[PDB]
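> PDB entry and its sequence, pasted below:
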Amino acid sequence: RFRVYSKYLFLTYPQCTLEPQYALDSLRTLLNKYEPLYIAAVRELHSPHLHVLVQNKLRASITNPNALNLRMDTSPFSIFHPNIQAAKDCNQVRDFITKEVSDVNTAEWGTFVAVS
DNA sequence: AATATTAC
Ligand SMILES: [Mn+2]
Ligand SMILES: [Mn+2]
């Protein structure tokens, strides 16, 4: 039985290559009930993988482990599944994934929130 | 969970 109940989410999509911008744009509508405040999306192309950090205005309660899955819009139309965690420190997470980044592979939206 | 071994 899986439950993530948090305002702040650290997503990881292994073996995933989605352009960070489209991952950001569609995760923003998937999460729109929780009013996303800030989103950062970083593709790492050295095990190719996505990291996403999401700061919402309301505590998101996620109980469907597939609710955030993403599908390519071209062949082979693969489902991409994330590790979904509550972020223990948004500053540490942000630091981790932006350090992992070229600035071509990054996508931000909104104003970063200074958690307390 | 459920990608996968990536994930503060
Ligand atoms: Mn990484
Ligand atoms: Mn870890």
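Received it, and whenever you're ready, just let me know what you need. Numbers count the residues shown, from 1 in each chain, chains lettered A, B, ... in the order given. Ligands and ions are numbered 1, 2, ... in the order given.
> the helix or strand containing residue A:84: partners in the sheet, and parallel or antiparallel?
Element membership of residue A:84 [criterion: DSSP states H and E] is strand A:83-86. Using DSSP bridges, strand A:83-86 pairs in its sheet with strand A:4-14 (antiparallel).
> now check the strand it pairs with, is it near ligand 1?
No. With CB under 5 Å from the ion as the criterion, ligand 1 is not reached by strand A:4-14; the gap is at least 7.0 Å. The way it works is simple: take the backbone N, C-alpha and C, and place the C-beta from them, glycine included.
> and the contacts of the strand holding residue A:84?
For strand A:83-86, the surrounding residues in contact (CB atoms under 8 Å, 6 or more residues apart in numbering) are A:4-6, A:8-14, A:62, A:65, A:68.
> and with 6 Å instead?
Contact with strand A:83-86 is made by A:4, A:6, A:10, A:12, as judged by CB atoms under 6 Å, 6 or more residues apart in numbering.
> hey, what's the third one bridged with?
In other words, residue A:10. Taking DSSP bridges as the rule, residue A:10 bridges to residue A:53, residue A:85.
> try the second one
Beta-bridge partners for residue A:6, by DSSP bridges, are residue A:60.
> how near is it to ligand 1?
Using CB to the ion, to the nearest Å, one gets 20 Å for the distance from residue A:6 to ligand 1.
> residues touching the residue most central in space within chain A, list them.
When CA atoms, centre = their mean is applied to chain A, the residue found nearest the centroid is residue A:52 (2.6 Å). Neighbour list for residue A:52: A:11, A:41 [criterion: CB under 6 Å, 6+ apart].
> separation between it and residue A:110?
Using CB to CB, to the nearest Å, residue A:52 is found at 13 Å from residue A:110.
> the helix or strand hosting residue A:93: which residues count as buried?
Assigned by DSSP H and E, residue A:93 belongs to helix A:90-100. The neighbour-count check on helix A:90-100 (16 or more other CB atoms under 10 Å) flags A:90, A:93-94, A:97 as buried.
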